[PDB]
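Asks: As a preliminary step, the opening chains of the complex are given here in situ:
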Amino acid sequence: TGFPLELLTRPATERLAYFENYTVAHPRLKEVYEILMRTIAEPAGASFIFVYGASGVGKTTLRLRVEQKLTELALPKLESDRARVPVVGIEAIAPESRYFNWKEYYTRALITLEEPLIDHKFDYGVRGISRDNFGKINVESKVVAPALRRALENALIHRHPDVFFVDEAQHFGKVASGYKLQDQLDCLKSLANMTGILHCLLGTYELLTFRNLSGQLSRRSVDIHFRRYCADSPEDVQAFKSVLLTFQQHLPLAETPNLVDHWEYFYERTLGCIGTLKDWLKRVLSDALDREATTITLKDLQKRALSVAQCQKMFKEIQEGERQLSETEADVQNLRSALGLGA
């Protein structure tokens, strides 16, 4: 429908903020969001949710959107059930660490449920972890891992969140030379099992090593593929054109170029990823606002486009990931013959 004309009366910061807050609900995003929401609505004896998408596809934005949706849905019940907390999302390693430190993960998870009215709980069962009636929850550095793990388990059971979110979970594979991938997944499964809280794992195609390592984790896991748009499928091309036209209409500038016709160039420099294209357009708009120009030129797009080498590397990475995730009827027949009564 186009951005409102009142934005042009505002300086560059407000226009860029409006463009950043603007979101497009493309059909693939809508389908994946619906699937994930329905999966959260009924875990059905599953402790893991594996959502893997390429870089700049919209996994994080999907996480915030779904978190806000569960918060809004639970609020009417949360008026009377004030003790409950519907969602909680943390990163695996917030400040980069060459290694994943379990203890750091549990400390972050436990501190990421704080509320100003901490009277709901009164206790975690472990010394050195209670706060002095403050919104800031303090964890003593000398507390051993199993005890504060017990505290986190008790907090998760009492608070009863609907789903635990682990964004950018590709960092779980950054083991401190232990090479204990199955042990790490077993620890996470045990946590989910004694806590009864559904765990959602979000990350790139790197975590496919986490996918089917063991049968127990295979049954406990639910696989969701955040598919990108590919130029092979005509409907994907049409959706990409629709996203391009919507972003062209909603970017706050006096005039906009016919960037829809350049869809081949955009797909080449974005690999059909909504998040990457949005970041590219945000960079272009930031450059234009720095220039305070009223138009976008082809050179504006080409200045802050993705490098050729980066596109080549990510294309191969994504194609390999999709081939790994690809399924064929041949596999179904092989499995049926292995079980028996093949046809």
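Replies: Sure thing, it's come through. Numbering: from 1, shown residues only, chains lettered A, B, ... in the order given.
Asks: mind listing the strands in the stretch 101-250 of chain A by residue range?
Replies: All strands of the stretch 101-250 of chain A, identified by DSSP state E, counting those that start in this stretch, fall at A:163-167, A:199-203, A:221-225.
Asks: So which of those is nearest residue A:212?
Replies: Of all these, strand A:221-225 sits nearest to residue A:212, with 8.3 Å by Cβ to Cβ. C-betas here are computed from N, CA, C, even on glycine.
Asks: Count the neighbours of the nearest residue to residue A:138 once chain neighbours are set aside for me.
Replies: Take residue A:138 and drop its neighbours on the chain: the residue closest to it by Cβ to Cβ, 6 or more residues apart in numbering is residue A:131, 5.5 Å away. When neighbours are defined as other Cβ atoms under 10 Å, residue A:131 has 14 of them.
Asks: which residues sit in contact with residue A:131?
Replies: A:118, A:137-138 (Cβ atoms under 8 Å, 6 or more residues apart in numbering).
Asks: now those residues: which count as buried?
Replies: Buried by 16 or more other Cβ atoms under 10 Å: A:118, A:137, out of the contacts of residue A:131.
Asks: Put together a markdown table for the contacts of residue A:131, with distance to residue A:222 on each row.
Replies: Output for the contacts of residue A:131, formatted as a markdown table (distance: Cβ to Cβ, whole Å):
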| residue | distance to residue A:222 |
| --- | --- |
| A:118 | 34 |
| A:137 | 31 |
| A:138 | 36 |
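Asks: Sequence for chain B below, add it please:
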Amino acid sequence: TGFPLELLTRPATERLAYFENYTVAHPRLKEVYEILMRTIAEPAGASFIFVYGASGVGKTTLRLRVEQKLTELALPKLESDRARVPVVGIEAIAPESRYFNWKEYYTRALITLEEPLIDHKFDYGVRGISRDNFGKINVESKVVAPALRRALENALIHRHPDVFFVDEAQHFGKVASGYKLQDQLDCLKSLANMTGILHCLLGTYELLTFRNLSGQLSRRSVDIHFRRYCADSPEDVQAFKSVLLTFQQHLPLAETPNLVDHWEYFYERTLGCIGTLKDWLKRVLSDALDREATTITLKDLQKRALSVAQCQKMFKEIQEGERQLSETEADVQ
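Replies: Now chain B, sitting on the chains shown earlier:
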């Protein structure tokens, strides 16, 4: 205009002191000074200012001049509010143990920020840390590190210094464990964010590895390369010759020695560093005054010049630092 001619009748001590006080504003120093002041005037969201350079270029002199000029600027605003502290600066302490001691650094930062008008913030939430029976602050030994860090944060936010200077910040790199190196800088960053005070770090090329452990550090900080004068480009050679001419004209001696023609030897020993050149010339002038000589000969320069091995090691270190700073980030913007 040169040195005052009246100083020739003054004793040698006065002439030596005058030469020591005299400073040269060579173009690289002026550029670095202006860049540092403009960065101080507007934080631009950067909590750190890194100014690294070869040893003996004048980082300490730059810091001192910045502190003096900032005090001069802040005096009219200090007239109204006496509680505000314009600038706090303190050299980093090289620890005798492998691990850096943050407790001693915090205590010394509190001592540096000491204000004679103690009545403004006489209580930081401390256990007797405030001064008693003497002007200096008496830090209680048994005070734990987190509490004293909280007291330091309270004092910093109460005084709100314009900029915080940490001289010789390369001592921060001194840590017991290799993987533990990542923690000191983020602790200092968290302290800066909690206080909101602009921190500036000065040091040699040793901190370059400590500088760029991640791209976030580059994003959240401003880099200032105190470049030396390189004989490769004729412009730096001309600047070095002009600096030598100025030192020649300002050196308190009866006859001005022709130091310009020996510029190759000076670059051989000073390696394009103005501070080392000033130290060498001060030593030579001291010997000249003690001998009560009238001119400077090449033997005088050779007697007090740095050894060839010292120069080789210094050149190797500075060349390695320059090559490591030649790192490039060619990627999508």
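Asks: interface residues of chain A facing chain B?
Replies: Proximity of chain A to chain B, by Cβ under 8 Å from any Cβ of the partner chain, involves residues A:95-99, A:283, A:303-307, A:310.
Asks: For residue A:277, pull up the helix or strand it's in.
Replies: helix A:274-291 (DSSP states H and E).
Asks: Name the next helix or strand following that helix along the chain.
Replies: Per DSSP H and E, the helix or strand that comes after helix A:274-291 is helix A:298-303.
Asks: For that following helix, name the packing helices and strands.
Replies: helix A:274-291 (3 or more Cβ pairs under 8 Å, 6 or more residues apart in numbering or on different chains; DSSP states H and E).
Asks: related to what we said a few turns ago, any buried residues in the helix holding residue A:277, and which?
Replies: Applying a neighbour-count criterion of 16 or more other Cβ atoms under 10 Å in any protein chain shown, one finds A:274-289 buried in helix A:274-291.
Asks: And the residues you listed, which is closest to chain B?
Replies: residue A:283 (6.6 Å; Cβ to the nearest Cβ).
Asks: What residues does the closest one make contact with?
Replies: When contacts are counted by Cβ atoms under 8 Å, 6 or more residues apart in numbering or on different chains, residue A:283 touches A:304, B:333.
Asks: again, only this time at 6 Å
Replies: residue A:304 (Cβ atoms under 6 Å, 6 or more residues apart in numbering or on different chains).
Asks: also put chain C on there:
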Amino acid sequence: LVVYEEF
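Replies: Chain C now in position relative to the chains above:
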């Protein structure tokens, strides 16, 4: 060869 004012 330009004389430099004191810093």
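Asks: once more on the contacts of residue A:283, with chain C this time?
Replies: The contact partners of residue A:283, by Cβ under 6 Å, 6+ apart, come to residue A:304.
Asks: Please work out which residue of chain A is closest to chain C.
Replies: Across chain A, no residue is closer to chain C than residue A:290, which sits at 35.2 Å (Cβ to the nearest Cβ).
Asks: if I look at that residue, how far off is residue A:299?
Replies: As judged by Cβ to Cβ, to the nearest Å, residue A:290 and residue A:299 stand 14 Å apart.
Asks: same check, this time on residue A:149
Replies: Noted for residue A:149: a distance of 55 Å to residue A:299, by Cβ to Cβ.
Asks: Neighbour count for those two, which is higher?
Replies: Counted by other Cβ atoms under 10 Å in any protein chain shown, residue A:149 and residue A:299 do not tie: residue A:149 has more neighbours, with 22 against 7.
Asks: With adjacent residues omitted, what lies nearest to the more buried one?
Replies: In space, residue A:149 comes closest to residue A:106 once its chain neighbours are excluded; the distance is 5.5 Å by Cβ to Cβ, 6 or more residues apart in numbering or on different chains.
Asks: So the one you found is in contact with residue A:152, correct?
Replies: Yes - in this structure residue A:106 lies within contact range of residue A:152 using Cβ atoms under 6 Å: 5.0 Å.
Asks: Around residue A:201, how many other residues sit close by?
Replies: Neighbour tally, residue A:201, other Cβ under 10 Å: 23.
Asks: No more questions from me, cheers.
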